[PDB]
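None of the figures in this text is laboratory data; all of them are computed from the coordinates on show. Here the Cβ positions follow ideal geometry from the backbone for every residue, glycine too, while neighbour counts run over all protein chains shown.
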Amino acid sequence: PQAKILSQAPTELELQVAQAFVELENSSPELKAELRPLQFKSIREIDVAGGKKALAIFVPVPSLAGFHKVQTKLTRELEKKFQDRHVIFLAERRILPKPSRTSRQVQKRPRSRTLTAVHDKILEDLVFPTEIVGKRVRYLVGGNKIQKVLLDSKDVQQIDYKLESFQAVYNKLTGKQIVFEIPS
RNA sequence: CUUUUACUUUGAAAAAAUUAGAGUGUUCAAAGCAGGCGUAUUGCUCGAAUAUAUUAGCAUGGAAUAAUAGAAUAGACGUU
């Protein structure tokens, strides 16, 4: 098939990932049916505190729909087909600098194309099935900076455990300090 | 080709008399621009200041304060 479902050209970790995708449409019917056209960019490993990895997907963009359609299954077959591993879903979003003064016009920025936006989206798609409820942020005497993130108290089992990892994955990408809370 | 301002530094350019002020015994002082010594038998000299003198304008170092300007139907450098 699979090099296909890679969306670049190169490639070491991806082709096993492509393989395990072209394996579920091979093995599971119900699963080809949705999965067949769902293309991706590249992957990035990222380490977490207690030994345990985390499997960093990056999305073309459009299907974030496609992908959300069958995530809450897809991951579960993948977490088994890869160990330790945390598989995630997030999009690659064309951030931009602010126009300086000697700068330029180009055309704009389209708000949602700004550092915080993207960082808000990075949110929605670090968790996903839970839905964000409530945000909160700290400011400590060493200008800390800490987001509390508020969660809904329903489906946090989809995955809890993750969590220890989540904090990290939102750290390499950004250089930040993230926490959660289950409210009662 | 080098946005612009105010503000501030200095510095000059600046009329003396006045005003402040150094000298100096008009006998003192108010003054004044004088006086001082010798071989006072025939020649020597010290000076006659500084400073204030603002408001406008120049030249000037400051770059805090307070304004203002560059680029959001697109500009900035350019090796092509």
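Worth a mention:
- Residue match in the stretch A:95-114 (condition: closer than 25 Å to A:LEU13 by Cβ and within 16 Å of RNA strand B (Cβ to nearest atom)): yes
- Taking residues in the stretch A:1-21 that are under 20 Å from A:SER63 (Cα atoms), and partners anywhere that are outside any loop (DSSP other than H, G, I, E, B) and of a type outside the set (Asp, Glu), the pairs with Cβ atoms closer than 7 Å and at least 6 places apart or on different chains are A:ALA20/A:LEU78; A:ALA20/A:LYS81.
- Of the residues making up the stretch A:122-181, those that are in a helix (DSSP H, G or I) and in contact with a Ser or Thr (Cβ under 9 Å, 6 or more places away or on another chain) number 1.
- Of residues in the stretch A:1-58 being of a type in the set (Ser, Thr, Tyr) and part of a loop (DSSP other than H, G, I, E, B), the one surrounded by the most Cβ atoms within 10 Å (Cβ to Cβ): A:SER42
- Per-region count, the stretch A:64-79, residues crowded, with 18+ Cβ neighbours inside 10 Å and not aliphatic (A, V, I, L, M): 3
- Residue in the stretch A:72-91 that is assigned to a helix (DSSP H, G or I) and of a type in the set (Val, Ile, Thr) present: no
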